[PDB]
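Reading through the structure tokens given below for one structure.
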Amino acid sequence: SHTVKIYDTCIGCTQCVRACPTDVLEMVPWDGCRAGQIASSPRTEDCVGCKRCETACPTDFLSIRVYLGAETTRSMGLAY
Amino acid sequence: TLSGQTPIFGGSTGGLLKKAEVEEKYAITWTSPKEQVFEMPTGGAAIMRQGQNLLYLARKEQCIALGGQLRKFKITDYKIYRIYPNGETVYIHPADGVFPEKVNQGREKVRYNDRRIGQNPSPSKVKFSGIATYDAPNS
Amino acid sequence: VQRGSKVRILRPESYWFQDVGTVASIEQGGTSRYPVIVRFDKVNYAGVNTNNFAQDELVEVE
Amino acid sequence: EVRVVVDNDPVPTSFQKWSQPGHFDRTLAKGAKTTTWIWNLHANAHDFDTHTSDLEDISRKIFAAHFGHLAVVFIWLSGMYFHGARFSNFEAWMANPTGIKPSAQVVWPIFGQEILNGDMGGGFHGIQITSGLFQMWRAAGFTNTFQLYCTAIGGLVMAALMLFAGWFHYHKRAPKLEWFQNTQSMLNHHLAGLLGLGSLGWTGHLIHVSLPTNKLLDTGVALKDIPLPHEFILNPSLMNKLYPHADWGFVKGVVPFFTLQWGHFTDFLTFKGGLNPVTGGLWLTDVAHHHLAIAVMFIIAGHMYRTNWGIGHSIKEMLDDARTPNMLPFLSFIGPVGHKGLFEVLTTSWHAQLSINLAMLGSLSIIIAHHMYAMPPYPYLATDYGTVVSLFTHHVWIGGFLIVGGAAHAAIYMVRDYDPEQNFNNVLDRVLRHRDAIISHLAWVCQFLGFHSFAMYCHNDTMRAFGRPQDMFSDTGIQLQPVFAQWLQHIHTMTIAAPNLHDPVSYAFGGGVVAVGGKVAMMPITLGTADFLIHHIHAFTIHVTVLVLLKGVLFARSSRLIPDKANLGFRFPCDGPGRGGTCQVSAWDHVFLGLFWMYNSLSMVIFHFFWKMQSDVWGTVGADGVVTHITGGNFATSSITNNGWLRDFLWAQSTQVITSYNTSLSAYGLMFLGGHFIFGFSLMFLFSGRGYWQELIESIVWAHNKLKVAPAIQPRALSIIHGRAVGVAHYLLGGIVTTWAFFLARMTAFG
Amino acid sequence: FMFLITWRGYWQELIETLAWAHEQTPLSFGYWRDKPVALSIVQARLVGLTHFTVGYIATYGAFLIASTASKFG
Amino acid sequence: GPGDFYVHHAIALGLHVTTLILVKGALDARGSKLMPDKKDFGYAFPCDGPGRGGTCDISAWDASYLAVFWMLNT
Amino acid sequence: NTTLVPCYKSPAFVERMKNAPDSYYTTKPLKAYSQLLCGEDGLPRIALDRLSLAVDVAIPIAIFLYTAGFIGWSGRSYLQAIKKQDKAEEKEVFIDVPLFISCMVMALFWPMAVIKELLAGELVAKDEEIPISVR
Amino acid sequence: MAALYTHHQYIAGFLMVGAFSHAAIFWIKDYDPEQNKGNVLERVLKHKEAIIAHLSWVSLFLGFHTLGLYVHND
Ligand code: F6C
Ligand code: CLA
Ligand code: CLA
Ligand code: CLA
Ligand SMILES: CC1=C(C/C=C(\C)CCC[C@H](C)CCC[C@H](C)CCCC(C)C)C(=O)c2ccccc2C1=O
Ligand code: SF4
Ligand code: SF4
Ligand SMILES: [Ca+2]
């Protein structure tokens with residue numbers, strides 16, 4: 001149960017969604033970009049916290065923040 | 001529901017543990033045109049079948065690790081399910097039937113802040129309040 | 001702030017705060033909220049030298 | 001079908017790419033945006049597998065780089081013989097190799113460092129070398145410094161050949177991939193032509209140079225009456241007063257070999273098997289017989305594999321036939337596939353080969369260290385106590401670094417060259433498919449030994465502090481005798497089946513004491529409770545080193561945390577702070593931690609060696625036969641509490657390096673402090689992270705932006721992996737220089 | 001130095017293995033109420049800082065007391 | 001004496017580095033160019049991932065942790 | 001301070017002269033230590049009295065601070081010499097030694113150069129020229 | 001006499017680290033730029049890099065010439 005907030009500085013480069021190993025992010029239509037897209041995080045209980053989405057965001061001081069919060073059984077990735 | 005023939009695999013040690021049938025369990029289901037071999041996300045190698053393939057994995061990251069491997073075999077028709085122990089099977093990937101890199105209509109901006117990240121409020125503003133500085137309904 | 005002009009950043013969250021960069025292109029749609037693409041001679045941190053900005057946090061130097 | 005196929009002038013020879021460094025990587029060859037580019041240019045200079053993609057061009061870089069490496073060793077070998085030629089007391093040490101200390105590498109008079117030129121006996125001032133070069137040149141037959149000098153010349157011209165051969169085989173005639181992949185022909189020539197002919201060549205030297213020269217040097221002829229080595233062959237009558245049972249003529253003296261009347265050779269190819277009691281080394285006649293036995297047995301070994309004349313073995317389907325319709329029933333568990341697809345592993349990837357060749361060169365170097373103390377091969381080696389310790393210690397450390405490097409490339413093979421299709425259900429895949437049962441049982445035995453080796457030292461440390469020495473694991477309290485090792489010590493001394501060896505090999509095993517210059521060359525090394533406990537420290541530290549290194553190989557591909565750990569690479573810092581934190585999950589980070597465990601393990605091995613010789617083996621013999629050891633039986637009673645290690649070994653035996661100022665041992669005092677600085681300095685890089693350091697550069701870049709003196713090569717704090725590499729490179733450097741200084745100051749202050 | 005040099009993800013892959021061993025072995029009837037995980041990043045920095053401090057103080061406390069109360073009364 | 005001179009500069013060096021670590025950790029607690037949003041993440045957090053070069057020990061807590069070593073040393 | 005006396009009159013230091021080999025090192029230097037303020041242990045020392053040593057606690061300081069600034073000035077002036085050339089990215093990895101030498105000869109008379117850097121308001125960058133963090 | 005000195009200096013070292021720990025908590029949680037607009041506390045943040053760069057100079061100065069003077073004497 002992390003918190004992946006997306007800010008208005010996205011450019012719809014789509015790179016944050018590809019890096020996510022757990023499919024938390026996905027693109028929705030938007031208008032504040034030439035791409036007309038913005039990241040959204042509908043599945044954040046699945047967020048593992050790897051911040052691999054933040055490494056891919058190219059906007060300077062990146063538009064997507066993982067906010068490591070209450071860690072549960074699927075946000076810590078336990079197979080046992 | 002879910003069905004398919006399991007790949008040729010001699011069984012591993014990295015597979016399902018007691019969390020599989022007690023909390024919940026995942027299943028990736030894909031169709032292959034060829035009888036080739038893929039790397040198991042739980043260590044090893046298995047031969048994927050000719051028709052409908054079904055594989056049980058402990059956590060969702062393994063399924064999308066394997067799903068990202070299937071795209072290197074030019075297979076993009078996989079579906080990831082989540083099996084609760086009581087038995088019902090949810091469809092979770094791809095959630096709308098199209099892959100999340102693609103943009104649909106009807107999806108909603110969820111956890112979107114309509115401000116730059118730079119003007120999140122100071123922690124003193126939300127002092128002794130339920131919210132954090134990053135929800136912050138201002139702007 | 002047209003293309004080719006050296007411009008200064010007034011965005012405190014940015015790596016290039018109070019540093020100059022050359023404008024690469026301007027977006028003429030007018031609905032993108034960050035039309036200016038300005039290019040920098042210093043990469044920020046393991047990455048880019050290009051960032052999108054709005055009209056109001058830029059000031060031209062020449 | 002084995003063939004020589006090469007290219008013609010594949011790579012031009014110009015300085016075009018010298019002026020553009022980082023050309024090998026496309027990311028490096030676009031500009032130095034930050035200082036991270038500088039460090040990436042060195043961490044990637046030799047990873048040829050990322051410069052190109054085709055194995056043909058990679059293998060040409062490997063083969064050409066070996067030549068430039070052999071050039072470097074020949075430069076270094078030339079430097080050893082040149083220093084032995086004109087900067088040493090080797091002439092003086094040949095006359096009296098007991099009272100004269102071996103010394104090359106004199107020191108220039110500047111900065112007051114002439115004090116390091118200590119007195120060596122014979123009026124020669126220098127630094128007492130402990131490399132054993134002198135004890136090896138005497139066994140090679142060197143007598144004067146002209147032979148040493150011309151060998152140094154013969155090595156510089158030999159290094160020039162290595163440099164030319166490397167340029168020639170990359171820029172003029174580079175072999176194709178078919179020439180490299182016939183490993184089955186390479187084994188034939190390395191087993192027969194290199195190791196077989198090499199030890200056949202050497203036993204030629206031993207019989208005709210070393211055996212006569214060391215025969216006369218044992219009768220005291222004092223370097224006048226020594227004939228030059230060629231005068232033993234030009235004058236064949238000169239070797240009939242020595243070894244009279246042979247014939248010694250061009251043709252008339254060699255025919256006993258062909259007519260199989262080998263009894264005439266029994267006087268110079270002996271099988272005595274002991275220590276020559278006048279020099280303390282092995283009998284050179286017994287050594288010459290060894291190399292002839294080795295030569296015959298390696299030339300034979302080089303005919304095992306099948307090159308293009310039909311006859312021989314094929315490794316390809318000797319491996320492929322180790323399936324399980326055909327195994328012993330108790331080890332028939334390794335797959336119907338078995339070893340298929342594993343000849344393509346060890347042929348299509350150099351990291352697979354480098355991992356094995358390092359783990360066996362490392363294990364060989366440690367075996368060699370154990371064999372060159374228990375049966376010294378060189379004259380006057382065993383009595384030079386500073387050389388015995390510094391040769392054992394050098395080769396244990398060298399052998400332990402190589403072993404860790406064999407586990408590095410076992411992991412680089414996994415995340416770069418491991419191929420699932422050629423490795424389906426075979427012997428390699430079935431290991432990855434149960435890698436939790438391998439690590440569970442390794443992590444248990446690592447923990448069983450941890451309590452039953454170290455925590456028994458804390459039992460002893462507590463009973464001796466309570467004043468209960470009768471309930472401590474002593475020879476006097478609760479004895480833990482090495483029953484199975486004292487048994488072997490009994491087996492190896494009653495067999496003198498093997499009856500012909502009338503003299504016991506390795507006086508360490510038992511029987512007799514050899515004193516050469518009054519100093520003991522070698523004694524029996526008895527094993528008591530202190531040797532039970534110290535051997536299980538060794539078992540414990542080796543296992544955890546294996547546990548760290550094997551974990552990095554098995555879980556290099558994936559884990560339950562990160563199922564796609566192979567896509568992140570071999571050398572990545574982490575996968576973010578999620579899953580609670582995945583710091584140091586890479587396979588590189590298990591090499592980095594196994595280096596510490598190699599340091600822990602081997603520094604305990606050399607401490608076990610150093611104290612057990614000083615207390616039980618080394619010493620001096622008086623005029624009655626009793627042996628007064630250097631510390632005097634100290635190991636048996638006080639090495640069982642690790643307070644005894646700190647006071648009777650570390651505090652007591654550091655007296656020579658602590659009180660070393662204003663003496664000739666002054667430089668070991670500085671190295672001993674220097675090693676302490678570097679160890680403490682390493683902990684800056686190990687305990688901290690680069691977020692603090694990057695944020696400190698920003699405050700320092702500001703002070704340069706203020707005075708308009710900022711650089712355009714933007715200062716970046718070192719990478720996470722770089723900062724961990726710096727930490728382990730300094731911890732191991734500092735913690736070894738302090739041990740190197742402590743060993744040699746202690747043993748050059750004695751002899 | 002163990003908590004300060006070696007970091008978290010090494011220990012999670014090793015605890016994940018021990019958790020496999022416990023589940024698959026007979027006669028081990030205990031089972032964790034809460035999943036064993038390698039202790040967190042900011043905690044090991046604190047656990048290792050406590051040992052460094054306790055070892056800094058016990059070593060010097062014992063030195064200073066014994067090196068002064070042995071030469072003298 | 002002269003031996004007392006040198007230790008008072010070791011002591012002065014000690015008090016300055018451990019002040020540098022703590023002052024850097026207090027004044028950069030609000031954030032610096034490596035992560036300008038440290039106030040949102042709290043006081044004791046591990047890092048901000050391996051991106052932007054790697055941000056190990058970036059929190060203000062890790063400057064208090066790093067300065068206990070220098071305090072004990074001093 | 002008056003505990004320090006010259007090594008001329010110091011019983012603990014003539015003893016240093018008595019048991020001294022020569023070899024190059026303990027005669028030619030050790031005569032020159034006779035002019036130093038010498039403790040009650042025969043060890044030359046650096047004291048700060050008054051004009052007695054006011055020139056000797058200025059020869060090392062003037063020689064260092066000049067050549068430290070000389071290194072700093074030539075290194076600084078070479079950096080702006082290549083920032084203006086717009087080639088400073090690779091001008092730093094490949095040192096332009098004719099330009100660097102010409103920046104060293106500017107740094108011989110650096111103390112008078114820094115004054116006219118300062119008096120022109122050109123040495124120090126203005127505060128909103130400088131990249132900073134959020135603060 | 002020896003233990004009492006070492007006790008209170010080590011106690012004082014920890015109190016100095018915690019004085020600067022809670023300075024860092026104060027900046028993060030209970031500090032705002034609104035009330036402290038233009039005051040003495042906000043003027044420090046205006047030049048927090050001038051302070052840190054100067055503790056960096058003194059630390060570098062005092063360690064080069066104390067270690068360097070010790071290991072010259074060594
Ligand atoms: C109940 C519960 C339980 C059980 C049962 O049921 C168990 C079991 C097991 C088995 C099967 C095995 C083997 C055993 C042996 O050998 O050795 C011993 C040990 C012990 C520990 C022993 C123990 C046993 C029991 C616990 C006893 C009891 C005690 C008492 C009761 C207490 C008292 C009470 C009071 C209150 C205090 C094991 C192990 C391991 N562990 Mg294990 N456990 C557990 C718990 C725990 C905890 C808490 C922890 C943390 C500390 C851990 C940890 C660990 C590690 C590291 C390891 C290893 O290494 C190993 C292995 O892996 O293999 C391989 N683990 N495991
Ligand atoms: C003067 C002769 C000469 C010239 C002009 C070249 C030129 C070239 N070589 Mg070549 N080479 C030569 C001799 C030469 N070589 C010899 C004698 C060998 C056998 C070792 C090689 C083996 C070789 C290989 C395997 C490769 C090249 C490559 C190249 C090309 C890339 C340049 C480069 O490597 O950047 C670097 C510039 C340098 C000056 C590097 C020198 C570093 C030396 C070797 C360090 C070793 C000694 C070191 C000091 C050890 C002491 C350490 C101590 C301080 C602790 C370039 C056109 C590469 C290529 O083909 O590009 C795609 C390629 O991979 N060469
Ligand atoms: C090396 C530095 C140093 C030295 C020489 C001392 C010396 C002393 N301390 Mg100590 N102490 C120190 C550092 C030091 N302290 C630090 C950094 C702390 C903060 C944790 C403490 C906290 C502390 C407490 C609470 C007490 C002392 C006390 C004492 C005095 C009696 C103990 C003794 O005989 O000496 C032995 C040498 C030692 C190193 C032992 C010191 C005692 C340790 C540090 C107590 C640790 C507290 C621990 C958290 C609680 C234990 C857990 C409990 C549940 C079992 C003695 C003069 C006692 C006192 O006040 O006298 C009446 C006492 O009550 N100190
Ligand atoms: C009057 C003094 C005082 C007070 C009231 C506080 C109060 C507080 N501090 Mg603190 N602090 C202080 C002094 C103080 N501090 C000093 C002197 C230091 C320097 C070391 C610190 C450095 C510090 C840091 C880095 C942090 C705090 C934090 C906190 C807050 C949470 C407390 C907590 O973590 O839960 C309870 C704490 C514990 C239960 C401690 C755990 C165990 C410790 C390490 C003792 C272990 C000793 C060991 C068992 C002894 C060995 C026994 C034997 C073997 C010898 C709290 C408001 C936290 C904060 O600000 O929240 C955001 C925070 O992260 N402080
Ligand atoms: C100190 C430190 C740094 C900073 C390390 C640095 C900046 C390396 C210092 C090496 C200096 C910069 C060498 C530079 C030499 C210059 C080129 C000067 C040479 C000029 C003369 C030859 C003329 C880290 O980046 C780091 C990262 C992760 C964990 C721990 C640490 C860590 O402890
Ligand atoms: S959050 Fe980052 S990666 Fe994702 S669309 Fe926006 S800018 Fe691109
Ligand atoms: S950035 Fe550093 S602290 Fe954060 S997860 Fe990676 S290694 Fe750990
Ligand atoms: Ca008893």
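If you're wondering about the labels, chains in the structure tokens are A, B, ... by order shown, residues count from 1 in each chain, ligands from 1 in order shown.
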Item to check | Shell around residue 123 (chain G) at 12 Å using only C-alpha atoms, local window under 5 positions removed, as a VMD selection string | outcome: (chain D and resid 704 to 709) or (chain G and resid 73 76 to 77 80 113 to 118)
Item to check | Neighbour list for region 51-57 of chain C as a VMD selection string, cut-off 9 Å, only C-alpha atoms, skip fewer than 5 positions in-chain | outcome: (chain A and resid 9 11 58 to 60) or (chain C and resid 1 8 to 11 32 to 40)
Item to check | Exercise answer, chain D residues close to chain H, 10 Å and only C-alpha atoms, as a ChimeraX atom specification | outcome: /D:661,669-670,673-674,696-704,706
Item to check | Contacts to ligand 7 at 7 Å cut-off (only C-alpha atoms and all ligand atoms) as a list in words | outcome: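 Going residue by residue within 7 Å of ligand 7, we get residues 573, 574, 575, 576, 577, 581, 582, 583, 584, 689 and 720 of chain D; 41 of chain E; 46, 47, 48, 49, 50, 54, 55, 56 and 57 of chain F.
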Print the selection's residues with N, CA, C and O atoms to a file, as a compact mmCIF listing (two decimals), in the first residue's frame.
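As written to disk, selection_26.txt reads:
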# COMPACT_ATOMS: atom_id res chain seq x y z
N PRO D 573 23.51 -1.78 -8.42
CA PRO D 573 23.52 -1.56 -6.98
C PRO D 573 22.39 -2.27 -6.26
O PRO D 573 22.63 -2.98 -5.28
N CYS D 574 21.17 -2.12 -6.74
CA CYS D 574 19.99 -2.56 -6.03
C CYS D 574 18.84 -2.59 -7.02
O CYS D 574 19.01 -2.35 -8.22
N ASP D 575 17.65 -2.85 -6.50
CA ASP D 575 16.40 -2.64 -7.20
C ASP D 575 15.47 -1.81 -6.33
O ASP D 575 14.35 -2.21 -6.01
N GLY D 576 15.96 -0.67 -5.87
CA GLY D 576 15.14 0.27 -5.16
C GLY D 576 14.92 -0.13 -3.72
O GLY D 576 15.35 -1.19 -3.27
N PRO D 577 14.26 0.74 -2.96
CA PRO D 577 13.97 0.45 -1.56
C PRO D 577 12.71 -0.36 -1.33
O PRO D 577 12.30 -0.51 -0.18
N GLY D 581 13.61 -3.22 0.84
CA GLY D 581 14.96 -2.82 0.51
C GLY D 581 15.71 -3.94 -0.16
O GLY D 581 15.82 -5.04 0.38
N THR D 582 16.22 -3.69 -1.36
CA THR D 582 16.94 -4.72 -2.10
C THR D 582 18.37 -4.27 -2.35
O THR D 582 18.87 -4.38 -3.47
N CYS D 583 19.01 -3.76 -1.32
CA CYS D 583 20.40 -3.35 -1.40
C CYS D 583 21.25 -4.58 -1.64
O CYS D 583 21.03 -5.61 -1.02
N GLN D 584 22.24 -4.47 -2.52
CA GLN D 584 23.25 -5.53 -2.69
C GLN D 584 22.65 -6.87 -3.11
O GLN D 584 23.07 -7.92 -2.62
N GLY D 689 26.87 6.00 2.19
CA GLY D 689 26.28 5.90 0.87
C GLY D 689 26.42 7.21 0.12
O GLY D 689 26.70 8.26 0.69
N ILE D 720 27.25 3.71 -6.60
CA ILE D 720 27.02 2.84 -5.45
C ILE D 720 27.93 1.63 -5.53
O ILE D 720 28.55 1.23 -4.54
N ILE E 41 16.35 -1.17 5.90
CA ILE E 41 17.58 -0.45 5.59
C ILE E 41 17.94 0.51 6.71
O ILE E 41 19.05 0.47 7.25
N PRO F 46 15.12 5.24 3.83
CA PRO F 46 16.36 4.65 3.32
C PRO F 46 17.06 5.49 2.28
O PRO F 46 18.21 5.90 2.46
N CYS F 47 16.36 5.77 1.20
CA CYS F 47 16.96 6.32 0.00
C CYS F 47 15.83 6.83 -0.88
O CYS F 47 14.67 6.87 -0.47
N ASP F 48 16.18 7.20 -2.10
CA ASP F 48 15.23 7.45 -3.17
C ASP F 48 15.60 6.61 -4.37
O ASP F 48 15.77 7.10 -5.49
N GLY F 49 15.82 5.32 -4.15
CA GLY F 49 16.08 4.40 -5.22
C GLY F 49 17.46 4.57 -5.80
O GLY F 49 18.24 5.43 -5.39
N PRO F 50 17.80 3.73 -6.78
CA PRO F 50 19.09 3.85 -7.45
C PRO F 50 19.11 4.85 -8.57
O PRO F 50 20.17 5.05 -9.18
N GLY F 54 22.05 7.20 -7.67
CA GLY F 54 21.99 6.40 -6.47
C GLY F 54 21.96 7.33 -5.27
O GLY F 54 22.76 8.25 -5.14
N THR F 55 21.00 7.09 -4.39
CA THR F 55 20.76 8.01 -3.29
C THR F 55 20.83 7.31 -1.95
O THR F 55 19.96 7.52 -1.10
N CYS F 56 21.83 6.48 -1.75
CA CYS F 56 22.02 5.81 -0.47
C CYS F 56 22.34 6.84 0.59
O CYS F 56 23.08 7.78 0.33
N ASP F 57 21.81 6.66 1.80
CA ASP F 57 22.13 7.53 2.94
C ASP F 57 21.81 9.00 2.65
O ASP F 57 22.55 9.89 3.05
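Every residue having at least one atom no farther than 7 Å from ligand 5 is included below, with only C-alpha atoms and all ligand atoms taken into account: residues 684, 685, 686, 688, 689, 690, 693, 694, 717, 718, 719, 720, 722, 723 and 724 of chain D.
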Next on the checklist: With only C-alpha atoms considered, list every residue of chain F at most 6 Å from chain H, as number ranges by chain.
Outcome noted: F: 13, 16-17, 20, 22, 26, 29-30, 39, 64
Next on the checklist: Show me which residues are within 8 Å of ligand 8 counting only C-alpha atoms and all ligand atoms, and format the list as a ChimeraX atom specification.
Outcome noted: /D:468,470-471,477
